[PDB]
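First comes the structure, then the notes that go with it.
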Ligand SMILES: Nc1nc2c(ncn2[C@@H]2O[C@H](COP(=O)(O)OP(=O)(O)OP(=O)(O)O)[C@@H](O)[C@H]2O)c(=O)[nH]1
Ligand SMILES: Nc1nc2c(ncn2[C@@H]2O[C@H](COP(=O)(O)OP(=O)(O)OP(O)(O)=S)[C@@H](O)[C@H]2O)c(=O)[nH]1
Ligand SMILES: Nc1nc2c(ncn2[C@@H]2O[C@H](COP(=O)(O)OP(=O)(O)OP(O)(O)=S)[C@@H](O)[C@H]2O)c(=O)[nH]1
């Protein structure tokens with residue numbers, strides 16, 4: 036029931052999806068091979084949403100692995116929990132777009148679109164009812180963005196009624212890892228305003244600073260980023276996967292977060308996040324989390340909501356507490372953060388609770404909010420695009436793949452209209 | 036309930052706050068790590084006023100550590116009871132104002148005000164009801180005074196209804212430890228007449244002489260000063276922390292001590308203070324303390340009240356005795372000290388008793404009094420300021436931080452008006 | 439059948455109410471939970487072998503309420519009649535009268551109103567508080583006028599802990615005392631004495647307790663209220679109602695401040711040393727030092743005298759002793775009040791506590807009058823107020839609660855007019 040098919044693009048996307056899958060194996064009591072060992076019926080009652088009916092009392096993730104190179108392929112398969120995936124879900128290229136959107140979308144994507152559509156259709160038909168999709172990729176990378184755009188386009192033209200979310204990784208503003216990454220973000224967003232119902236923006240430097248300061252780690256790594264990503268993962272999907280006094284699903288969140296079809300970018304959230312010698316001393320209560328719900332420190336996608344205005348807030352909780360405390364806390368949050376909040380969307384806090392807490396924590400809290408802070412990020416991206424497109428630098432790589440000038444012109448015009456609409460809302 | 040947040044500024048302030056915290060760990064039965072081992076329910080019934088709810092049956096002090104240098108930071112954390120504080124409360128600078136008010140208030144305070152406000156707001160919100168604040172710093176030092184002024188200003192603009200007291204350390208008149216310390220005292224007092232509800236003046240040489248003569252020690256140290264400071268500590272806060280037949284709090288004392296908003300400087304007191312071979316021979320009775328309540332020997336802030344006139348007196352007691360003896364003793368104190376007392380404030384003795392005595396002493400007595408003796412200290416400070424400001428010496432350091440002439444002029448005018456009002460009361 | 443309501447405000451009020459309920463429970467045999475028809479004047483019949491006090495415990499600070507709800511009598515008291523505050527006025531009348539009192543007066547008004555709803559025989563109201571306490575002054579006063587406006591001519595009795603001339607917990611006590619006295623004067627049907635120093639002196643010299651504690655004071659109030667309410671809670675030869683108490687001692691609304699005294703206060707070892715006869719106990723009680731008031735009544739004139747005998751006391755002996763009291767010249771009365779004597783006889787002996795200072799005795803008398811010596815204390819308080827307000831000290835504290843000095847001044851002149859009305 037309400038089956039969700041996972042598709043992962045790029046090396047970062049593949050690592051994120053894998054880490055998710057081990058986290059789901061923890062949450063649902065699944066070992067490294069696939070056998071179930073959970074101590075409660077709640078883990079295994081709704082295992083079919085992310086697993087399929089496997090013979091011998093086994094379960095395999097409903098995942099699709101896509102890449103243009105088998106290097107991360109082999110590392111993921113040979114890594115932990117690599118035997119839980121059938122070899123068929125691993126489909127890879129042999130060239131690699133080299134961080135180019137046009138190459139991965141047209142040149143090498145031409146011979147991978149058939150495979151990805153075949154596997155996603157097999158996953159959809161082999162299941163009872165596909166509630167929606169979830170994709171992970173990086174907009175900074177060129178190939179991963181191209182696979183994301185191609186898959187969202189094909190899903191929209193194939194399943195226009197089935198909603199989804201895309202967990203794209205926007206490149207960090209502070210670091211220019213790829214010279215042609217502004218093109219990648221440009222084209223990915225131009226396709227996202229058009230083929231995606233809602234999108235969460237995940238920015239690198241914000242999670243980097245969180246791991247550095249909030250978690251108090253001197254050696255941040257991709258592992259902690261994937262861990263927090265998997266926490267966001269579980270926080271969003273626990274309402275559908277696990278029983279709750281206030282049951283919710285991705286459709287509820289999409290209805291509660293999208294006021295306009297083009298206004299669908301939101302910035303996810305997780306809490307509490309404390310270290311060993313603070314957790315045993317911190318208050319394990321709701322106020323310690325509500326002071327952590329709204330802050331630029333434990334903040335996800337690097338643009339401060341204080342400068343802008345929140346559109347609406349969604350809060351999911353997992354633990355043992357009553358509901359009225361949450362309601363009064365949300366009311367106090369409005370009362371004190373009225374200036375930072377929007378005046379014409381009263382009671383803009385979406386409140387739901389999943390009964391089952393995650394493994395190892397008796398609360399986790401996932402802050403799903405939307406603010407006009409992403410306007411700054413989009414405007415900076417647009418001005419950067421104008422800056423190095425005025426010089427017409429690095430255009431040859433794209434024009435060699437069948438590109439054109441005014442195409443990029445309407446792309447930048449689309450982001451201009453999007454940022455203008457967001458400013459008008461502000 | 037009635038939670039109090041402690042903020043410590045400067046090396047002396049950090050040492051004082053630490054020593055307080057070990058003394059509170061003694062009084063409330065808390066070990067070096069944080070576990071409770073008190074033999075009575077009275078210690079642990081009101082532990083939440085200075086401690087927070089920590090997991091694993093632990094408790095951590097409600098303290099905030101602020102400095103511009105990590106040297107005393109490391110010594111305090113590596114010293115006794117250093118593990119009872121979470122690493123988050125330790126926030127430090129890296130430059131150091133170098134005993135300069137302007138530097139620590141504007142240059143280096145600009146990048147510390149955000150951190151200190153964030154931590155104090157976290158402490159306020161994570162608690163049930165913040166009754167008030169308590170700050171420790173040294174007016175002789177430049178940075179500590181600047182942090183004191185900045186924090187009192189921010190608290191006044193943020194929590195104008197929540198009262199507090201500041202336990203500032205006025206520089207000793209006899210010794211000029213810092214050449215620019217008159218500027219520090221000037222600016223600190225100019226901000227205290229304006230951002231602080233009440234202040235206790237703690238002078239060095241008076242406690243030095245007490246340790247030398249009254250305690251009969253040939254080697255006075257900072258440890259004994261911090262010990263007597265922690266006794267004052269416990270004496271003021273025991274009425275709120277511990278049950279009493281005459282319950283009291285800091286609000287009661289503030290109401291009983293402040294006749295005018297600008298007239299809020301008081302001079303704390305402690306007794307009895309006797310050595311091993313005098314305690315076993317002295318009378319452990321109230322008269323031995325009432326002869327010790329009013330004396331220039333066991334005297335706190337180096338200005339003799341005999342020259343001036345007492346405004347009003349507050350006396351808190353902790354032990355096993357009846358109340359009428361205290362009342363008649365206070366009446367006799369008036370009867371004999373009428374000349375030293377004020378004629379137009381009848382029955383100016385504030386009488387309250389906390390049932391629970393401090394650990395190791397079956398009485399302690401904390402003499403909270405106000406007299407026009409501080410007029411001499413303030414007038415001497417004002418004339419010193421005039422003396423070395425007429426020469427315009429050492430002004431370059433302050434003017435390089437964004438200072439100005441008539442600003443200091445209205446500062447000295449404010450102390451002139453304050454001393455004139457105190458003389459008018461006299 | 440009939441009932442009465444007791445009101446407790448502040449630390450002193452809460453402690454006094456707890457002690458009085460301890461008396462009423464041990465006198466009628468109530469175990470700490472509420473089990474084993476005159477006891478219905480203070481307890482309500484619901485269910486099976488159940489009684490709860492008809493009282494409200496309210497204070498701006500939750501310390502005393504927490505202490506009450508931690509005793510073995512948690513089951514005795516309903517939880518909902520205990521009210522916990524958050525911001526103590528800290529000996530500030532204005533703070534507890536405006537800042538915190540105004541937003542918590544509603545629930546208490548509101549539900550004491552139900553306490554009257556199920557008590558159709560409501561004889562009156564009992565109020566216990568302290569002038570020195572800011573809560574016990576401000577909140578008590580405001581609820582007093584609220585009682586007056588929500589009940590009209592209903593009888594109301596006040597028990598106030600007036601700070602002693604040389605005993606004052608707070609130096610700002612004159613402000614609270616004058617303010618509350620001026621505020622509740624017109625509505626205070628009857629307000630008594632409590633002198634803490636006089637209580638200590640009597641306990642140290644009569645009970646010979648060199649080291650007494652506020653428990654002695656608590657039953658000092660407890661025995662006084664028990665002797666007052668024995669007529670309502672037990673039959674007698676001539677029972678006295680609350681209405682007659684204010685009828686006798688308030689011919690003019692201005693003067694309604696009588697002092698109280700008990701007889702005797704004798705320990706068990708000294709109770710072996712003295713058995714009570716009417717003449718000796720009355721003449722001892724009429725002695726100024728035996729009074730728990732630090733004002734010599736012989737300085738002025740006597741308004742009226744009321745006797746509350748309890749136990750096996752002969753009315754003829756009462757009349758003879760009272761007459762021989764009258765003839766002696768140490769006792770003087772006003773010219774226009776020759777016959778101001780009311781005697782209330784009850785057959786219930788005074789009740790003892792285990793481990794208490796008082797000794798278990800079959801008879802007792804309560805000393806009840808309004809002497810002119812109260813004018814001395816009022817004048818001294820007014821003089822202290824004039825001295826300590828002349829330079830306008832601690833006024834800014836009341837200013838921060840939002841009023842200017844005028845009301846202070848006209849309260850001072852109102853109490854001066856009260857003082858010179860004698
Ligand atoms: N006789 C008697 N008086 C008491 C007792 N306990 C407290 N008091 C009175 O209470 C006064 C002390 O102030 P409180 O009334 O307790 O003030 P509070 O309860 O803190 O209320 P706020 O001042 O508004 O904060 C003293 O002056 C006493 O007169 C008691 O046990 N016996
Ligand atoms: N949080 C997180 N970020 C990652 C991880 N791996 C890579 N990234 C980020 O992704 C960005 C690169 O995206 P990537 O997917 O590697 O591009 P690509 O186009 O797929 O690269 P290629 O296959 O053409 S060679 C880098 O900025 C890097 O910081 C990861 O494991 N966790
Ligand atoms: N009683 C007491 N006084 C102290 C203690 N430590 C320092 N002092 C006093 O404080 C004064 C110096 O204040 P201090 O806090 O050190 O200045 P500062 O501005 O913070 O110094 P810096 O950090 O810029 S280098 C000296 O006069 C010294 O006597 C102490 O532990 N106990």
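Residue numbers (the numbering used here), protein chains in the order written: chain U, 36 to 461; chain P, 36 to 461; chain Z, 439 to 860. The beta carbon of each residue, even a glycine, is placed where N, CA and C say it ideally should be.
Considering only C-alpha positions, which residue in the set the options is nearest to residue i?
{"i": "residue 191 of chain U", "options": "U/324, U/231, U/373, U/435", "result": "U/231"}
{"i": "residue 511 of chain Z", "options": "Z/812, Z/770, Z/471, Z/580", "result": "Z/471"}
{"i": "residue 294 of chain P", "options": "P/336, P/380, P/250", "result": "P/380"}
{"i": "residue 398 of chain U", "options": "U/234, U/116, U/321, U/446", "result": "U/321"}
{"i": "residue 454 of chain P", "options": "P/119, P/412, P/70", "result": "P/412"}
For a cutoff of 8 Å on Cβ pairs, would you count residue i as touching chain U?
{"i": "residue 112 of chain P", "result": "no"}
{"i": "residue 93 of chain P", "result": "yes"}
{"i": "residue 393 of chain P", "result": "no"}
{"i": "residue 439 of chain P", "result": "no"}
Residue i bridges to which residues according to DSSP?
{"i": "residue 398 of chain U", "result": "Per DSSP, none; premise fails for residue 398 of chain U."}
{"i": "residue 302 of chain U", "result": "U/404"}
{"i": "residue 89 of chain P", "result": "P/93"}
{"i": "residue 384 of chain U", "result": "U/348"}
{"i": "residue 353 of chain P", "result": "P/389, P/399"}
Just mark residue i as buried or exposed, buried being the case when its beta carbon has 16 or more other beta carbons within 10 Å.
{"i": "residue 459 of chain U", "result": "exposed"}
{"i": "residue 144 of chain U", "result": "buried"}
{"i": "residue 575 of chain Z", "result": "buried"}
{"i": "residue 172 of chain U", "result": "buried"}
{"i": "residue 432 of chain U", "result": "buried"}
{"i": "residue 209 of chain P", "result": "exposed"}
{"i": "residue 233 of chain U", "result": "buried"}
Counting only beta-carbon separations shorter than 8 Å, does residue i have a partner in chain Z?
{"i": "residue 340 of chain P", "result": "no"}
{"i": "residue 61 of chain P", "result": "no"}
{"i": "residue 280 of chain P", "result": "yes"}
{"i": "residue 241 of chain P", "result": "no"}
{"i": "residue 385 of chain P", "result": "yes"}
Nearest chain P C-beta to residue i closer than 8 Å, yes or no?
{"i": "residue 755 of chain Z", "result": "no"}
{"i": "residue 615 of chain Z", "result": "no"}
{"i": "residue 577 of chain Z", "result": "no"}
{"i": "residue 728 of chain Z", "result": "no"}
What span of residues does the beta strand (DSSP E) with residue i cover, start to end?
{"i": "residue 801 of chain Z", "result": "801-809"}
{"i": "residue 340 of chain U", "result": "Looking at the DSSP string, residue 340 of chain U is not in any beta strand (DSSP E), and its letter there is neither H nor E."}
{"i": "residue 165 of chain U", "result": "165-173"}
{"i": "residue 244 of chain U", "result": "Premise fails: residue 244 of chain U lies in the alpha helix (DSSP H), 239-244, not in any beta strand (DSSP E)."}
{"i": "residue 589 of chain Z", "result": "Element bounds for residue 589 of chain Z: not the beta strand (DSSP E) but the alpha helix (DSSP H), 572-589."}
{"i": "residue 203 of chain U", "result": "199-205"}
{"i": "residue 365 of chain U", "result": "Note, residue 365 of chain U: premise wrong, no beta strand (DSSP E); alpha helix (DSSP H) at 358-371."}
Note the first and the last residue of the continuous alpha helix (DSSP H) segment covering residue i.
{"i": "residue 54 of chain P", "result": "45-62"}
Is residue i near ligand 5, with its Cβ less than 7 Å from a heavy atom?
{"i": "residue 206 of chain U", "result": "No copy of ligand 5 appears in this structure; the ligands present are ligand 1, ligand 2 and ligand 3."}
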